[PDB]
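Given as structure tokens, the chain that follows is alone and in the form deposited in one PDB entry.
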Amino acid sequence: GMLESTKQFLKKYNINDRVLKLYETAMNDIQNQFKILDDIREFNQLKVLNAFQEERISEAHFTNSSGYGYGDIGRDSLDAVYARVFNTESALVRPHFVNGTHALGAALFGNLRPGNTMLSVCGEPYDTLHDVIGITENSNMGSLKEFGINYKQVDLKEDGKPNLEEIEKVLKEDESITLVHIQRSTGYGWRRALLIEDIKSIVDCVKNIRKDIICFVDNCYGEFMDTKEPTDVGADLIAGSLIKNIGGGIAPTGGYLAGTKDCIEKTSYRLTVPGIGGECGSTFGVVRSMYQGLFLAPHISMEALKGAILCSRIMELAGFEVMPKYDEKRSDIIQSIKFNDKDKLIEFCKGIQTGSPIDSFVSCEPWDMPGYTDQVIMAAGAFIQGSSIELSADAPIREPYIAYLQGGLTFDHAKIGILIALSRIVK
């Protein structure tokens, strides 16, 4: 149990006895969930190891390609390793994707053509994808809508599960629909992420209407949450970011897609241009970090999830509503806390900032950010800028004052920040 020396050290952070008791109770309560996670982690570590070994990765794959990067074996074998991990025909892993949204956008523009319609089946996509699609606003930035590609949407049911009957009806009534988009993570929605079994039910439902419909999954935040990925239950294409789970906290930028050879090649032509695709693109010497990040990903992903589960339990014990609960099956690393008080939300986030190794001294306050209307507060202090796998928090400043917390390179770090933050509002 916690050392007396550690207790004294935490007192210098103003962590009080009431918070320590809540922590001891929460740790005791969540032990069985941690064991479930360790069983999954064990399988995923083996899965990833096997993929490296099947590709015969060697020292020589730590390339330092320049120029066109023709024949960069490090890049080509990393794609192969990912495709093995995800059990897909192909993959496309590049530092050139600037963020996860870029990878998703490349998938969409890559696989859609004028006259086609895409169908999002988990309600409204996260905000940044809205400009990519041209859902509401269009200002000639060149959205899907501006290239004659249409958008439709089926919301999740009241219970948070996909509306399979409506999905079928919408597909049957519109034969122009060639792509179904499934967001795995909840985003800022007060509901559960979709479980792998839910993604399967969706794909089976879609494929039963027209087998040729491409089932695309935004896999961000869901890597290594289960022993299966969406590609193990019928997904034709998935996309994600290398500064979230799959980079293991160390890939410095980039993104990935895994799926059928056709979907990947089509995506590659949007990443670069038709006729080039993924054949060109040197990797700036960062390929070693991308291999290593993948190898560490199953473990680091669970450190962060463990942080989320402790957060869920401890905040519940402190009297705050939380989503998800500590014992629910999770499909992402995000934890939401309803403070129901603006000041508590602000102080909690400030606490998280002070618990960061980087920029721990920085002003953490509400600010107006481009196109949000409501102010936003963000705690971030990472080794890799914008990394979601490193402890961070964000919240719109509006009723009922919900904060979203994610990451933690280690469970001990996430725990420490959580204790600092909670001590700012519970004493």
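Between two forms, the rigid core is defined as the largest C-alpha subset superposing within 1.5 Å. Residues carry their position along the shown sequence, with the first being 1.
Here 363-371 and 50-58 are compared by their mean Cα B-factor, and 363-371 comes out higher. 151-159 and 233-241 differ in mean CA B-factor, and the higher of the two is recorded for 151-159.
Of all the options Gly110, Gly351, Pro357, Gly278, the entry's greatest CA B-factor is assigned to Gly278.
Of the candidates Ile202, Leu305, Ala193, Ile133, the deposited coordinates give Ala193 the top C-alpha B factor. In the deposited entry, the Cα temperature factor of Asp262 sits in the middle third of values across the chain's modelled residues. In this PDB entry, the Cα temperature factor of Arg288 sits in the middle third of its chain's modelled residues. Looking at the C-alpha B-factors along this chain, the one for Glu42 belongs to the lowest third. Compared with the other modelled residues of the chain, the Cα B-factor recorded for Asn99 ranks in the middle third. Annotation for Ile36: CA B-factor lies in the lowest third of the chain's modelled residues.
Below: the form deposited in another entry, not depicted.
Of the residues listed here (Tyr68, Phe62, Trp367, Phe383), only one shifts its CA by 2 angstroms or more between the shown form and the other one after fitting on the rigid core, and it is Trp367.
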